[PDB]
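Student: Sequence and experimental coordinates follow.
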There are 2 protein chains.
Amino acid sequence: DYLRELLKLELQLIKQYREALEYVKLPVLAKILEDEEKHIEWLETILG
Amino acid sequence: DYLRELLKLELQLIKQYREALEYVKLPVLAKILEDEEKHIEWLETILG
């Protein structure tokens, strides 16, 4: 509920970022997706 | 399409993060999302 839209969507964005990486053929996308991944991880761990 | 994927579907998150900011009472969410906003801005501006 609170987190489907804040993390569960983020998962598909990281995933989609890997698709767009190839189409846009730029390592910057991989760096953006990576950096986001850590923030997203903060939600997908939330202390634990 | 790539941008529909990593811009439109990004934007809703920054939106939903705000929806789920005040209820969650962690400034971390706004801080995370601010960063995300910049990351997404890269796509929407795609300057270089």
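Tutor: That came through fine. Numbers count the residues shown, from 1 in each chain, chains lettered A, B, ... in the order given.

Student: tell me the helices in chain A, going along the chain?
Tutor: Counting by DSSP state H, chain A has helices at residues A:9-24, A:27-43.

Student: Taking helix A:27-43 as reference, get the angle to the shortest one.
Tutor: In this structure, helix A:9-24 runs at an angle of 170 degrees to helix A:27-43, with axes from the mean of the first three to the mean of the last three CA atoms, to 10 degrees as the basis.

Student: Which parts of helix A:9-24 count as buried, going by neighbours?
Tutor: Of the residues in helix A:9-24, those buried by neighbour count under the rule 16 or more other CB atoms under 10 Å in any protein chain shown are A:9-10, A:13, A:16-17, A:20-21, A:24. All C-beta spots, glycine's among them, are computed from the backbone N, C-alpha and C.

Student: How about the last one?
Tutor: In terms of neighbour count (16+ other CB under 10 Å), helix A:27-43 has its buried residues at A:29, A:32-33, A:36-37, A:39-40, A:42-43.

Student: With distance to chain B added, can I get the residues you listed in CSV?
Tutor: What follows is the buried residues of helix A:27-43, written out as CSV (distance: CB to the nearest CB, whole Å):
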residue, distance to chain B
A:29, 8
A:32, 5
A:33, 8
A:36, 6
A:37, 11
A:39, 4
A:40, 8
A:42, 6
A:43, 8
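
Student: closest to residue A:1 among those residues?
Tutor: Checking these against residue A:1 by CB to CB gives residue A:43 as the nearest, at 13.2 Å.

Student: Quick check: residues of chain A near chain B?
Tutor: Neighbours of chain B within chain A, by CB under 8 Å from any CB of the partner chain: A:2-3, A:5-6, A:9-10, A:12-13, A:16-17, A:19-20, A:23-24, A:28-29, A:32, A:35-36, A:39, A:42-43.

Student: picking that back up, between the helices of chain A, which one is nearest to residue B:48?
Tutor: Between residue B:48 and the helices of chain A, the shortest gap by CB to CB is with helix A:27-43, which sits at 8.7 Å.
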